[PDB]
Amino acid sequence: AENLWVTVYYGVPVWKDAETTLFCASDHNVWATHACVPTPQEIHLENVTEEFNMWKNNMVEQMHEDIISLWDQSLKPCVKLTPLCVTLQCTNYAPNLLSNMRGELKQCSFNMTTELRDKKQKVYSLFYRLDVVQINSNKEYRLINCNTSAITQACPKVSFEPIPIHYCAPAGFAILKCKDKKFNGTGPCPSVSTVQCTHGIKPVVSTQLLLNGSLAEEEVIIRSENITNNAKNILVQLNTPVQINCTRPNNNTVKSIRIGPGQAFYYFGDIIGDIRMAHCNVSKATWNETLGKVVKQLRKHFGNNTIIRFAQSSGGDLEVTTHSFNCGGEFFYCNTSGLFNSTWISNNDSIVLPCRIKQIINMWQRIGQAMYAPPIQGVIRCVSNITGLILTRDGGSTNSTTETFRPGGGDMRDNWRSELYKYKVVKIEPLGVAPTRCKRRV
Amino acid sequence: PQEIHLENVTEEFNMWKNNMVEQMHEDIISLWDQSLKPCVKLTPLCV
Amino acid sequence: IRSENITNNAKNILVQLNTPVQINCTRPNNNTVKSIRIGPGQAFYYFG
Amino acid sequence: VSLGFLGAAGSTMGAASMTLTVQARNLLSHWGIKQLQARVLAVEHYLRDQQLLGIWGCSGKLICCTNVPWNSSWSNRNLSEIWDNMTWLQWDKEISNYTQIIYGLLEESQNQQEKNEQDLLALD
Amino acid sequence: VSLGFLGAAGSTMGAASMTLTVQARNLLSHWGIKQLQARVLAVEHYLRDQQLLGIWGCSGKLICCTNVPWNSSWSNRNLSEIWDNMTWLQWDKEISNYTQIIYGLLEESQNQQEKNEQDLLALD
Amino acid sequence: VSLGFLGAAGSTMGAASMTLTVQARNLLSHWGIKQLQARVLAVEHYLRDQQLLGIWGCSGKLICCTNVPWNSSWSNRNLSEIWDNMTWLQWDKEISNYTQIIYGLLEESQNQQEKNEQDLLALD
Ligand SMILES: *[C@@H]1O[C@H](CO)[C@@H](O[C@@H]2O[C@H](CO)[C@@H](O[C@@H]3O[C@H](CO)[C@@H](O)[C@H](O[C@H]4O[C@H](CO)[C@@H](O)[C@H](O)[C@@H]4O)[C@@H]3O)[C@H](O)[C@H]2NC(C)=O)[C@H](O)[C@H]1NC(C)=O
Ligand SMILES: *[C@@H]1O[C@H](CO)[C@@H](O[C@@H]2O[C@H](CO)[C@@H](O[C@@H]3O[C@H](CO)[C@@H](O)[C@H](O)[C@@H]3O)[C@H](O)[C@H]2NC(C)=O)[C@H](O)[C@H]1NC(C)=O
Ligand SMILES: *[C@@H]1O[C@H](CO)[C@@H](O[C@@H]2O[C@H](CO)[C@@H](O[C@@H]3O[C@H](CO)[C@@H](O)[C@H](O)[C@@H]3O)[C@H](O)[C@H]2NC(C)=O)[C@H](O)[C@H]1NC(C)=O
Ligand SMILES: *[C@@H]1O[C@H](CO)[C@@H](O[C@@H]2O[C@H](CO)[C@@H](O[C@@H]3O[C@H](CO)[C@@H](O)[C@H](O)[C@@H]3O)[C@H](O)[C@H]2NC(C)=O)[C@H](O)[C@H]1NC(C)=O
Ligand SMILES: *[C@@H]1O[C@H](CO)[C@@H](O[C@@H]2O[C@H](CO)[C@@H](O)[C@H](O)[C@H]2NC(C)=O)[C@H](O)[C@H]1NC(C)=O
Ligand SMILES: *[C@@H]1O[C@H](CO)[C@@H](O[C@@H]2O[C@H](CO)[C@@H](O)[C@H](O)[C@H]2NC(C)=O)[C@H](O)[C@H]1NC(C)=O
Ligand SMILES: *[C@@H]1O[C@H](CO)[C@@H](O[C@@H]2O[C@H](CO)[C@@H](O)[C@H](O)[C@H]2NC(C)=O)[C@H](O)[C@H]1NC(C)=O
Ligand SMILES: *[C@@H]1O[C@H](CO)[C@@H](O[C@@H]2O[C@H](CO)[C@@H](O)[C@H](O)[C@H]2NC(C)=O)[C@H](O)[C@H]1NC(C)=O
Ligand SMILES: *[C@@H]1O[C@H](CO)[C@@H](O[C@@H]2O[C@H](CO)[C@@H](O)[C@H](O)[C@H]2NC(C)=O)[C@H](O)[C@H]1NC(C)=O
Ligand SMILES: *[C@@H]1O[C@H](CO)[C@@H](O[C@@H]2O[C@H](CO)[C@@H](O)[C@H](O)[C@H]2NC(C)=O)[C@H](O)[C@H]1NC(C)=O
Ligand SMILES: *[C@@H]1O[C@H](CO)[C@@H](O[C@@H]2O[C@H](CO)[C@@H](O)[C@H](O)[C@H]2NC(C)=O)[C@H](O)[C@H]1NC(C)=O
Ligand SMILES: *[C@@H]1O[C@H](CO)[C@@H](O[C@@H]2O[C@H](CO)[C@@H](O)[C@H](O)[C@H]2NC(C)=O)[C@H](O)[C@H]1NC(C)=O
Ligand SMILES: *[C@@H]1O[C@H](CO)[C@@H](O)[C@H](O)[C@H]1NC(C)=O
Ligand SMILES: *[C@@H]1O[C@H](CO)[C@@H](O)[C@H](O)[C@H]1NC(C)=O
Ligand SMILES: *[C@@H]1O[C@H](CO)[C@@H](O)[C@H](O)[C@H]1NC(C)=O
Ligand SMILES: *[C@@H]1O[C@H](CO)[C@@H](O)[C@H](O)[C@H]1NC(C)=O
Ligand SMILES: *[C@@H]1O[C@H](CO)[C@@H](O)[C@H](O)[C@H]1NC(C)=O
Ligand SMILES: *[C@@H]1O[C@H](CO)[C@@H](O)[C@H](O)[C@H]1NC(C)=O
Ligand SMILES: *[C@@H]1O[C@H](CO)[C@@H](O)[C@H](O)[C@H]1NC(C)=O
Ligand SMILES: *[C@@H]1O[C@H](CO)[C@@H](O)[C@H](O)[C@H]1NC(C)=O
Ligand SMILES: *[C@@H]1O[C@H](CO)[C@@H](O)[C@H](O)[C@H]1NC(C)=O
Ligand SMILES: *[C@@H]1O[C@H](CO)[C@@H](O)[C@H](O)[C@H]1NC(C)=O
Ligand SMILES: *[C@@H]1O[C@H](CO)[C@@H](O)[C@H](O)[C@H]1NC(C)=O
Ligand SMILES: *[C@@H]1O[C@H](CO)[C@@H](O)[C@H](O)[C@H]1NC(C)=O
Ligand SMILES: *[C@@H]1O[C@H](CO)[C@@H](O)[C@H](O)[C@H]1NC(C)=O
Ligand SMILES: *[C@@H]1O[C@H](CO)[C@@H](O)[C@H](O)[C@H]1NC(C)=O
Ligand SMILES: *[C@@H]1O[C@H](CO)[C@@H](O)[C@H](O)[C@H]1NC(C)=O
Ligand SMILES: *[C@@H]1O[C@H](CO)[C@@H](O)[C@H](O)[C@H]1NC(C)=O
């Protein structure tokens, strides 16, 4: 009796951290939700501490690579589009238009194989000045990446809209989430809880700003890794959104030519209307208000007395130097100048921003694949909900010499790290034994 | 085989609303064009 | 020795050694390569 | 009350010993591959130790106490603070080593011996 | 005689209560995908509620009657025509909207209370 | 000693009857297709006759002595050399035919008749 005896228990609530895969669940055809599982039961936890660690999370990786594999799963069974590289006889289109729209929109001309093999065909189109490069009268031209990759077009009936997505773990695993308002990367969260499957995320490709995204709580924050180290980048998140409108001002018809056996092409037709360019309005005062708020925040991390300066982009290629994002089946590239123009010390109108557009993109930083994008008949409107941005810094000198900030970015992986920081999935273990006063029984 | 006869029981059928008609109707599609794929690509027969 | 059928003369013969003997060879020539693009985005190498 | 899945995990062992079915019921409850990968994963990650609790002589229930003594050299702690102060999250740590000699000595000393006595005594 | 699988399904409950293993034995008895899809499907649809009656205190047997009374507010029918006139296909209907409180107060009130009485009486 | 998996397989039955968990514990312990193929056959090749074991009235244990006599026309061998001279690799051969009527009258004369004596004694 005073000798004790061990007994079994089953279902003791303990966990250990591990890693397995997860699965997507949500509720014409888009990339994502062709076939998944349709869908709460949140359970609050208490009297327990836990130490989080983002940037060592794993789920960022497998979601980052299966959306790679999803994206180039999608384009494959549409048309292999090879013979689009013969020389281009080409000129600037429509001179004596002495506006800001001068170098834009060259018109070009070429040869193309017919439906039947031996005959030839001549057909004519418009392109943008960033699309096509001359090699060393007209000049001869080829578009920017006929070499070192192939090209193929997205077959026109599918859509590019981002559906929200839920991520969810299988059984024997658990979703834990910190319910603190303020959170700064890592820390012990005294109020954590569990869920079965994560909330919604709309994974839209973005560079230099986050768009139609999730908000934060009443105090704006920063997140980094190395904070005095300066190698890597800096994420911020606002509390209240500001808005944005832009558009493309043209009506711009299309035409259709077959190439070979049973295939279809679309090229950019000709311009009805006038000639303008894409520009994007923002509210001036609200923008100043929010950026003064975010710098008044981040002065905590660089001393209360120092001078801070905002500068433009550095350079490099176009893919890092400007804010770029799709809208409705095209691609944008604006100038992004007049919002990093200010300096800062201790003591109704809008803002225009010019914006060019490109026709074929090579994203993912993976050279070898390149998509063609069909132009869209009709006018375009595009509104958004503005949230957060990304930032980097330069080198410098001793710590009084007016630190300077620039919008940087480039890498795709951090684009999600802004919105699944609050998640950690873990493996339960239900078996345990313990001594007790069970007078041992036959 | 092993067919089993039943007794003292009724049931109301519903043809034209069956689902297996569809299932086999589409996997015979996928079987048919599965079969022809790895043999000859025959393009240049149009001059 | 190992065969399947030894009186049958149709098939082949296996044996196995008990100690290894060794083998050296090589190609004695210093060689070059050059890279020529084929069409869209492809790379070729030939013997220089 | 029945709080939920992994509910009373922060509380003491006695309150945790009160309600346990909420862990049992939720233990089983181109891109098809990881669906079918997850499901086989989960089902035998369940019943690997369902069968190895089945060899432990109480496959049916969730708490059985069998014919095996306790070695005090594992821990010399009196019964009170075992069940009153330490919780389960701490408890696994100090027997994180002896776990194999638990699982070793457990039923190789029992589920033969008790049914050796069954096969030789009460079927005699 | 042993008719076959789902054999006596039209007959009354008492004759249906006579033979039941004919339902038990048949319960587990490019185009590879739905084969592997179907097999995992069948085995999980089996042992989901195999463990859900394994929790019900008589995991081994096929019929057990445990320590729980009956709410007469569910139905007031005397024992005779329950077992003599109504068959199983009718029987599930009138306890369709209730089955959850069956499964509710069935499990959480029994396999604890009897095992609380284990841990406190028979092991005192 | 515990030799290993299929350890004492050449020895006599009585020594083989001493240690048996070593067979139990090892029993569950582009090219992705056949790993996922192997695992599903492994788990359900196990529990096909685990459930057929479960219907044999002693789902928990590994040896149970139930209420069924023996047709002596199967074999008339005196008890000694049953357990002293013949080993298991021989033993399966001479009952390789009656194995169906073994499984036939196994529990369809027991978990049908001990069923019925539950049903009308223990259920009574
Ligand atoms: C950011 O937020 C915006 C919020 O507006 C969000 O949604 C957009 O909403 C509008 C409003 O519905 C969508 O615009 C159009 O809706 C009209 C309804 O009359 C349709 O005419 C349009 O397309 C139809 O017509 C085509 C011509 O044949 C068909 O091919 C097509 O299938 C449609 O039937 C169109 O739907 C608009 O689509 C969305 N999306 C966008 C990108 O504007 C927006 O999605 C959020 N995200 C981003 C990244 O902007
Ligand atoms: C697309 O291919 C067609 C088919 O060949 C081209 O038509 C022919 O193109 C050639 C060279 O481009 C032309 O030949 C040149 O004509 C002048 C005329 O005097 C001559 O001086 C040159 O020495 C040479 O012969 C030819 O006229 C033309 N037409 C015919 C009926 O043969 C077409 O030009 C191609 N389109 C392009 C390259 O944009
Ligand atoms: C395939 O063809 C494309 C386009 O013809 C090549 O891209 C271009 O490569 C040239 C290489 O001479 C680069 O030109 C450089 O431009 C900078 C502009 O700042 C200039 O300062 C340099 O003197 C030089 O001329 C250029 O980076 C690049 N893009 C453009 C728009 O010209 C590509 O290299 C070719 N090869 C492969 C393997 O892709
Ligand atoms: C070697 O392989 C083959 C089959 O795998 C067998 O080889 C030869 O088989 C022939 C045909 O039976 C034999 O020849 C004659 O067979 C007739 C049958 O009527 C018999 O009447 C003759 O007297 C003669 O045997 C022959 O013996 C045999 N071997 C040779 C040619 O070397 C043979 O079964 C295999 N060897 C084995 C299994 O050892
Ligand atoms: C994140 O915010 C929390 C808010 O509680 C900070 O936690 C404490 O902050 C005080 C400030 O003086 C420190 O002295 C404590 O050491 C912090 N707590 C602990 C347990 O260390 C935390 O410092 C903030 N972290 C970052 C990286 O900003
Ligand atoms: C962050 O930057 C510091 C800056 O030097 C890195 O290097 C060590 O820095 C400390 C300052 O505490 C020096 O005293 C050491 O002498 C440096 N190294 C050596 C060899 O002594 C640090 O490595 C950086 N990296 C991170 C992420 O912190
Ligand atoms: C963005 O700002 C421009 C510039 O103010 C606006 O353009 C005006 O549009 C109206 C409508 O056709 C014209 O009558 C005006 O002449 C335009 N220019 C000016 C200077 O007012 C535009 O409406 C704004 N909004 C969007 C979505 O582009
Ligand atoms: C853009 O161009 C289209 C193409 O011409 C215009 O649509 C035409 O509008 C007239 C006016 O009623 C109709 O009679 C034609 O039938 C329309 N054509 C087609 C193909 O539908 C359109 O008006 C232009 N402007 C805008 C703002 O869309
Ligand atoms: C975006 O706009 C800025 C502002 O005009 C451009 O930066 C100017 O570039 C020219 C040519 O190098 C310089 O001479 C100017 O000094 C720069 N600033 C000014 C005041 O113009 C920039 O080139 C444009 N394109 C982008 C996105 O860099
Ligand atoms: C094979 O030929 C190569 C090509 O000349 C030789 O490599 C050169 O060796 C000289 C001697 O120092 C260097 O200065 C050159 O820079 C080398 N060139 C390259 C491209 O590496 C090489 O030595 C020759 N012999 C071998 C490989 O045995
Ligand atoms: C969270 O922790 C607090 C303090 O540890 C728990 O407080 C209870 O306090 C009453 C007051 O007399 C005691 O009777 C209870 O026994 C305490 N419970 C425990 C578990 O210690 C509080 O209940 C805890 N929360 C939960 C859900 O158990
Ligand atoms: C309880 O604790 C240990 C665990 O095995 C046992 O102590 C061993 O005793 C033997 C006998 O001399 C020594 O050779 C070992 O070195 C001891 N330690 C270990 C770790 O084995 C002790 O005998 C156990 N008591 C019982 C009853 O089993
Ligand atoms: C943006 O466009 C919408 C279109 O409905 C309009 O209502 C709004 O006034 C515009 N401006 C702002 C600042 O939102
Ligand atoms: C910044 O915002 C303040 C309002 O708090 C205002 O005084 C100032 O003019 C704004 N500056 C710009 C450039 O918008
Ligand atoms: C820095 O400024 C913040 C701004 O409110 C203030 O709260 C804090 O006390 C200051 N700390 C130091 C060390 O100056
Ligand atoms: C900042 O705004 C003023 C006002 O137009 C302008 O003169 C200046 O060039 C701007 N700076 C940049 C970098 O565009
Ligand atoms: C944008 O912010 C507004 C503020 O009400 C919010 O209602 C809306 O849900 C957010 N999203 C959109 C697309 O407006
Ligand atoms: C092969 O060449 C090597 C060179 O290292 C030499 O040492 C060796 O003797 C040669 N012969 C063998 C391995 O039979
Ligand atoms: C039980 O353990 C506590 C822990 O310090 C101790 O104070 C108490 O004296 C112990 N009781 C007995 C009877 O040993
Ligand atoms: C307990 O387990 C750990 C895991 O690393 C092992 O390293 C340690 O040796 C075992 N602890 C001891 C010293 O028994
Ligand atoms: C079928 O119903 C009739 C009606 O009385 C009955 O006589 C017969 O026994 C029933 N058969 C079975 C197999 O239940
Ligand atoms: C039967 O269920 C009803 C449902 O509310 C309940 O009110 C009643 O008390 C139950 N009967 C008994 C005897 O508990
Ligand atoms: C049993 O139910 C029948 C159904 O009408 C009824 O006639 C009979 O009286 C009931 N028996 C008792 C004892 O209530
Ligand atoms: C019984 O179940 C059905 C299924 O539709 C449900 O709609 C109904 O509300 C439940 N009926 C009642 C009245 O409880
Ligand atoms: C093997 O056979 C010999 C023959 O007597 C016996 O002594 C020995 O015990 C046997 N081995 C085993 C493992 O039973
Ligand atoms: C034993 O089985 C045989 C099988 O044919 C049968 O003929 C014989 O009657 C059986 N004996 C008894 C006693 O049942
Ligand atoms: C037992 O079986 C052996 C096997 O041959 C035999 O020699 C012996 O006589 C048998 N004993 C009896 C009592 O029949
Ligand atoms: C016993 O089983 C074997 C297996 O082939 C079968 O051939 C035989 O007919 C059965 N009965 C006899 C007489 O062996």
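Per the deposited record, determination of this structure is attributed to cryo-EM, with the resolution reported as 4.40 Å.

### Examining the overall build of chain B
When its secondary structure is counted, chain B shows one helix and zero strands. By its C-alpha atoms, chain B is 70 × 25 × 10 Å across when sized along the principal axes. For chain B, the proportion of its 47 residues judged to be buried stands at 0%. Total accessible area on chain B is roughly 5200 Å²; 62% of this is exposed by carbon and sulfur atoms.

### Comments concerning the overall build of chain D
Counting secondary structure elements, chain D contains seven helices and zero strands. Starting at the N terminus, the α and β elements of chain D follow one another as α-α-α-α-α-α-α. Once the C-alpha set of chain D is aligned to its principal axes, its extents read approximately 60 × 40 × 30 Å. Taken across its 124 residues, chain D has 41% of its residues classed as buried. Of the roughly 7100 Å² that chain D leaves accessible, carbon and sulfur atoms contribute 55%. Computing the positive centroid from 8 side-chain charges and the negative centroid from 12, chain D places the two 15 Å apart.

### Comments concerning the sheet that holds strand β8 (residues 120-127) of chain A
Within a sheet, each strand pairs with its neighbour through backbone hydrogen bonds, oriented either parallel or antiparallel. Residues and elements named next belong to chain A. The strand order β8-β7-β6-β10-β9 describes an open sheet built from five strands, whose pairing is antiparallel. Looking at which strands have only one partner, the edges of the open sheet turn out to be β8 and β9 (132-134). The mean angle between the axes of side-by-side strands here comes to 40°, regardless of whether they run parallel or antiparallel.

### What to know about unusual backbone geometry
Positive phi values are uncommon outside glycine, yet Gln 208 of chain A reaches one of about 75°. Tracing the backbone through its elements, the reader meets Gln 208 of chain A in the loop between β16 (206-207) and β17 (209-210). Residue class for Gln 208 of chain A comes out buried when judged on its relative accessible area of 8%. Within the chain, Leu 6 of chain D stands out as a residue other than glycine whose phi angle is a positive 55°. Structurally, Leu 6 of chain D can be placed in the segment before α1 (13-16).

### Topic: the interface of chain A and chain D
Taken together, the contacts link 42 residues of chain A with 38 residues of chain D. With both sides pooled, the region where chain A packs onto chain D buries about 4100 Å², and carbon together with sulfur makes up 72% of that total. Connecting chain A to chain D are zero salt bridges. Here chain A is connected to chain D by three residue pairs in polar contact. Residue assignment for the side of chain A that touches chain D shows that the elements contributing at least two residues are β1 (5-16), α1 (59-74) and β34 (424-436) of chain A. Tallying contributions element by element places β1 of chain A first for the side of chain A that touches chain D, with twelve residues.

### With respect to the state of the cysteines
All chains considered together, the criterion is met by twelve disulfides over all chains. The structure places no disulfide on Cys 65 of chain E, whose sulfur is separated from the nearest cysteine sulfur, that of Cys 64 of chain E, by 7.0 Å.

### Brief notes about the pairing of strand β10 (residues 139-143) of chain A
Residue and element names in this part refer to chain A. Two elements, strand β6 (residues 88-92) and β10, share three bridges in a ladder whose sense is antiparallel. Its bridge partner lying in β10, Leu 88 is registered against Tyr 141. In this sheet, β10 lies alongside β9 in antiparallel orientation, the contact comprising three bridges. Within β10, the residue paired with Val 132 across the bridge is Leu 143.

### Here we look at the packing of helix α3 (residues 33-54) of chain D against helix α3 (residues 32-54) of chain F
Between α3 of chain D and α3 of chain F, the shortest axis-to-axis distance is 11 Å and the interhelical angle comes to 35°. Here α3 of chain D runs over α3 of chain F; the crossing is left-handed. Contacts between α3 of chain D and α3 of chain F involve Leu 36, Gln 37, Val 40, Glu 44, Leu 47 and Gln 51 of chain D from the first element and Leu 36, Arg 39, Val 40, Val 43, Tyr 46 and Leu 47 of chain F from the second. Of the residues in the contact of α3 of chain D with α3 of chain F, the class split is eight nonpolar, two polar and two charged.

### Considering the nonpolar core
By size, the foremost hydrophobic cluster in this structure holds 31 residues, and its most contacted members are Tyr 10, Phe 52 and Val 192 of chain A together with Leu 27 and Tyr 46 of chain D. Looking at this core, the elements that each hand over two or more residues are β13 (173-178) and β34 of chain A, α3 of chain D, α3 (33-54) of chain E together with α3 of chain F. Counting residues in each nonpolar core, the second largest holds 24 residues, with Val 8 of chain A together with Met 13, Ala 16 and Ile 63 of chain D among its members.

### Observations concerning the environment of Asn 100 of chain A
Structurally, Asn 100 of chain A is set in the loop between β6 and β7 (106-113). Between the C-alpha atom of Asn 100 of chain A and that of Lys 122 of chain A, which follows or precedes it by 22 residues, the distance is 31 Å.

### Points about the arrangement of the chains
Out of eight pairs of chains that touch, the pair holding the most contacts is chains A and D. Of all C-alpha pairs spanning chain B and chain C, none lies closer than 19 Å, and the two are not in contact. Regarding chain C and chain F, the two do not touch, and the least distance separating their C-alpha atoms is 25 Å.

### A look at the pattern of salt bridges
The full count for this structure, using the stated rule, is 17 salt bridges over all chains. A salt bridge links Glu 50 of chain A to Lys 424 of chain A, with the shortest nitrogen-to-oxygen separation between them at 3.0 Å. Taking relative accessible area as the criterion, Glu 50 of chain A reaches 13% and is therefore assigned buried. For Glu 44 of chain F, the salt bridge is made with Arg 48 of chain F, and the minimal N-O distance between the two is 3.5 Å. Within this pair, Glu 44 of chain F and its partner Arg 48 of chain F are both found in helix α3, separated by four residues, close to a single helical turn.

### Here's the deal with the packing of aromatic side chains
Applying the stated criterion across every chain, the model contains 21 aromatic pairs over all chains. Grouped by ring-pair contacts, the aromatic residues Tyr 9 of chain A together with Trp 83 and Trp 88 of chain D constitute a single cluster. Seen from the ring of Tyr 421 of chain A, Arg 223 of chain A lies directly overhead, with NZ or CZ sitting 3.9 Å from the centre.

### Topic: the side chain of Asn 250 of chain A
All names here are of chain A. Looking at the secondary structure, you find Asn 250 in the loop between β20 (244-248) and β21 (254-257). Engagement of the side chain of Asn 250 in a polar contact is seen with the backbone oxygen of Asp 274, the distance being 3.2 Å. Setting aside residues up to four positions removed in sequence, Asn 250 forms contacts with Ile 271, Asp 274, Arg 276, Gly 378 and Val 379.

### Some points on the sheet that holds strand β2 (residues 23-26) of chain A
Spatially, β3-β2-β12 (chain A) is the arrangement adopted by the three strands of the open sheet, whose pairing is mixed. Each of the sheet's edge strands pairs with one partner strand only, and the pair in question is β3 (37-38) and β12 (166-168) of chain A.

### Quick look at the packing of α3 of chain D against α3 of chain E
Running from amino to carboxyl end, α3 of chain D crosses α3 of chain E at an angle of 35°, the nearest separation of the two axes being 11 Å. Crossing hand, α3 of chain D versus α3 of chain E: left-handed. Here α3 of chain D contributes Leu 36, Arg 39, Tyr 46 and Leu 47 of chain D to the contact with α3 of chain E, which in turn contributes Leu 36, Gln 37, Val 40, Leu 47 and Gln 51 of chain E. For the contact of α3 of chain D with α3 of chain E, the residue count by class is six nonpolar, two polar and one charged.

### A few points about the pairing of strand β1 (residues 33-37) of chain C
Residue and element names in this part refer to chain C. Among the five residues in β1, zero count as buried, and that is only a small part of the element. With five bridges joining them, β1 and strand β2 (residues 43-47) adopt antiparallel strand pairing. Paired with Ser 35 across the strands is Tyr 45, a residue of β2. Hairpin connection between β1 and β2: a loop of five residues separates the two successive antiparallel strands, and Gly 41 in this loop has a positive phi of roughly 70°.

How each quantity is defined
- Residues numbered from 1 in each chain as written, not as in the entry; some residues may be left out.
- Chains lettered and ligands numbered in written order.
- Part of a larger assembly, values for the part shown.
- Heavy atoms only, no water.
- Helix = DSSP H or I, 4+ residues; strand = E, 2+ residues; numbered from the N terminus.
- Buried < 20%, exposed > 50% of the residue type's maximum accessible area, 1.4 Å probe, protein only.
- Areas by Shrake-Rupley, 256 points an atom, 1.4 Å probe, with all protein chains shown as cover.
- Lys, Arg positive; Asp, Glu negative; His and termini not counted.
- Charge placed at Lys NZ, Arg CZ, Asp CG, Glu CD.
- Pairing = 2+ DSSP bridges.
- Axes fitted to C-alpha atoms, helices over the stretch in contact; angles between N-to-C directions.
- Contact = heavy atoms within 4.5 Å.
- Buried area = accessible area lost by both parts, 1.4 Å probe.
- Salt bridge = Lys/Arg side-chain N within 4 Å of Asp/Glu carboxyl O.
- Polar contact = N/O pair within 3.5 Å; in protein donor to acceptor, adjacent residues only side chain to side chain.
- Disulfide = S-S within 2.5 Å.
- Left-handed = near helix turned anticlockwise from the far one by under 90°.
- Nonpolar A, V, L, I, M, F, W, Y, C, P; charged D, E, K, R; others polar.
- Core = buried A, V, L, I, M, F, W, Y, C linked by side-chain atoms within 4.5 Å.
- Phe/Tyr/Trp six-rings, centres within 6.5 Å; stacked < 30°, edge-to-face > 60°.
- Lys NZ or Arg CZ within 6 Å of the ring centre and 35° of its normal.

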